[PDB]
Each structure stands twice: as structure tokens, then as C-alpha cells.
There are 2 protein chains.
Amino acid sequence: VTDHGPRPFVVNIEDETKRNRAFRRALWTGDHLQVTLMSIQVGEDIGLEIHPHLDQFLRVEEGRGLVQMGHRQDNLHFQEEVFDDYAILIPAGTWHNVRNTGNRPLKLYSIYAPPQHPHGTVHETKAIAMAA
Amino acid sequence: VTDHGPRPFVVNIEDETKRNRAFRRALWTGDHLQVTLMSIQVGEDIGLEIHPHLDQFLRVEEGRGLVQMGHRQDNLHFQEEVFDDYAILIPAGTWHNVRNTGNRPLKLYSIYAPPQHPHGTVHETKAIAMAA
């Protein structure tokens, strides 16, 4: 998996998402949307964030997690479990986090609109992402 | 399934996509991205289109199809089969069609960025969509 954006592209997304081991790997960066793959370690979270300029779609391909969202950083009153087959919609301006609560890495893909990361972004680990 | 945009939202996307029977049903319309569900009948196609202002992501949840894409309407030189588990990336300015080539309805979801359809759009059939 390298970043194939902005090419017309067909991919087995189930398989690439499950095979990916990086915290974040850009798969396709276009002018208007970006697809990244994420593998989140047991006990780990993406990290609380807010994106006022973009919407995000996440799809869980494997594992179990906890999604936390709110209007304000100090009140994440939306708290829902997510599992294999689930999608999460994160509208612009909503504070959010996703925590792995299961017993294996949590495998998901993320679609940002508009794009968030540089073309070809790879953060192998959470620590690397945080530093970036 | 009604359109839940722009709410923070978690959904079993595999199940909603497979259960949906409409040619197009908006599931979530935000400010920056929109998710629709599509059930495409045996022998039917979405219809050749071009969206110069938006990128589209499609994920096939069930069935088999043929994706056709090109730079020019009269030369769709990208021709690839798609199956369950496959995603299709359609960058802005690429002419595209998706045809059902299998033996049951082709079930997919589509993410447009920015949004394409009014909030709460339902086109039960292709004919209705074409008329719209």
C-alpha cells in the first residue's frame, strides 16, 4: 500500500485495512477526500481531536472500540461501542476520540473530507503521529 | 434508515447497505461529506456521469460489478471488476459508470465529498433518479 491518489483506483479495502499495521497510512489522497488506514494497538486511542473544517467517516473492519464525542471537549456525552461492520460519522466541529477496548488491534479506515494529511503520510506508531 | 446528518452517528453499515433496496438512499448528509446507500438491480448500471467538483468513494458490500472510468466520455479505458470487500475511488473530473454484472442486486455505499444530493434524498428506482 502506497498512496494512489488522485488516480482512478479499485482496491480490496477489507484486506488492506486488516493487513495494515501502521497507526496511520494514507491509501488515497485526492483533491476532495482522503482515505487512511489505521491499526490501533490494544489499550490505545487515536487521541482526542476536533476538526472544524472537515467531516470524517470511519469504518471498523476488525476489533472493538469505544467512540466518544461531544460538543465540548469537557463533555463527551456521546459514548458508543463500535465493532466489526460499524461506521462512525464525525461531523466538523465535534470533539472525538476512538479507543481500542478489545483484545487485538483495532483495524479501521478513515475518510476525511476535505483531506487532512499530506499525500503519502505514514505514521507507523501513535508516538510518531503525535510528534508530527 | 433516514438521513442522520449532521449528527454524531454510529451505524452498522454492512447491515444497512445489504438491507437497503432503494437505488439511492441518503444515510448521512453533513457539511463536507455525504453517505448514500445504493442497491443496483441485475443488469442495471448507475449511469455514466462526471462530477468535476467532488471525489467519490464507493464500497461494495455484496455482489459483483464492472467499474468503467476515463478521462474522456468516449474512452473509458479503466475497466475493472469489483466484488464484495472492494472500494472504488472516483476522482473529480473522471467519467465513470458502475454496472451490475452479477446474479443478485449489487449493494454498495457511496461517499461524496463535498455532498451531491439533498439531505434525505431517496430515489427508490433508477427511473426515479434519472427523472430527478
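As summarised from the PDB record, the model derives from X-ray crystallography at a stated resolution of 1.410 Å.

**Q** Account for unusual backbone geometry, naming residues and giving values.
**A** Residues and elements named next belong to chain A. The omega angle of the peptide bond from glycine 5 to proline 6 is 0°, so this bond is cis rather than trans. Within the secondary structure layout, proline 6 lies in the segment before β1 (9–12). A positive phi is found at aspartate 85, a non-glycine position, where the angle reads about 90°. Tracing the backbone shows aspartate 85 in the loop between β6 (78–83) and β7 (86–90).

**Q** Could you give an account of the pairing of strand β2 (residues 24–29) of chain B, naming the residues involved and the relevant values?
**A** On a regular strand, each side chain points to the face opposite its neighbour's, so the side chains alternate between the two faces of the sheet. Residue and element names in this part refer to chain B. Counting buried positions along β2 yields five of six residues, so the element is predominantly enclosed. Here two bridges tie β2 to strand β10 (residues 122–123), and the two strands are oriented antiparallel to one another. Note on β10: the bridge partner recorded for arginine 25 is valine 122. The pairing of β2 with strand β3 (residues 34–40) spans four bridges and is antiparallel.

**Q** Talk me through the relation of the copies chain B and chain A; I want residue IDs and the actual numbers.
**A** Mapping chain B onto chain A calls for a screw motion: a turn of 180° about the axis and a shift of 0.0 Å along it, with 0.0 Å RMSD after fitting. With respect to symmetry, the two chain copies, as superposed, fit the operation of a two-fold axis. Closest to the rotation axis within chain B is the C-alpha of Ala113(B), separated from it by 2.9 Å. Most of the interface of chain B is mirrored in chain A: 100% of its interface residues are interface residues there too.

**Q** Explain the environment of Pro91(A) to me, using residue names and the numbers behind them.
**A** Within the fold, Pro91(A) resides in the loop between β7 and β8 (95–100). Judged by its relative accessible area of 7%, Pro91(A) is buried. Put simply, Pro91(A) and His53(A) are 38 residues apart on the chain and 9.2 Å apart in space, counted from C-alpha to C-alpha. Ignoring sequence-local partners within four residues, the contact set of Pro91(A) consists of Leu54(A), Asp55(A), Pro6(B), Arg7(B), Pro8(B) and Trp28(B).

**Q** Before we move on, could you go through the sheet that holds strand β5 (residues 64–70) of chain B and cite the residues and values that matter?
**A** What links the strands of a sheet is backbone hydrogen bonding, and the strands pair in either a parallel or an antiparallel sense. Residues and elements named next belong to chain B. Ordered in space as β6-β5-β8, the three strands form an open sheet in which the pairing is antiparallel. Each end of this open sheet is capped by a strand with a single partner; those strands are β6 (78–83) and β8 (95–100). If you compare each strand with its neighbour and ignore which way they point, the axes differ by 20° on average. Direction of pairing for β5 relative to β8: antiparallel, over a ladder of six bridges. Residue pairing for β8: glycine 65 is matched across the bridge by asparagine 100.

Parameters and conventions
Residues numbered from 1 in each chain as written, not as in the entry; some residues may be left out. Chains lettered and ligands numbered in written order. Heavy atoms only, no water. Residues with missing side-chain atoms left out of burial classes, pairs and counts. Helix = DSSP H or I, 4+ residues; strand = E, 2+ residues; numbered from the N terminus. Buried < 20%, exposed > 50% of the residue type's maximum accessible area, 1.4 Å probe, protein only. Pairing = 2+ DSSP bridges. Least-squares fit on C-alpha atoms. Contact = heavy atoms within 4.5 Å. Axes fitted to C-alpha atoms, helices over the stretch in contact; angles between N-to-C directions.

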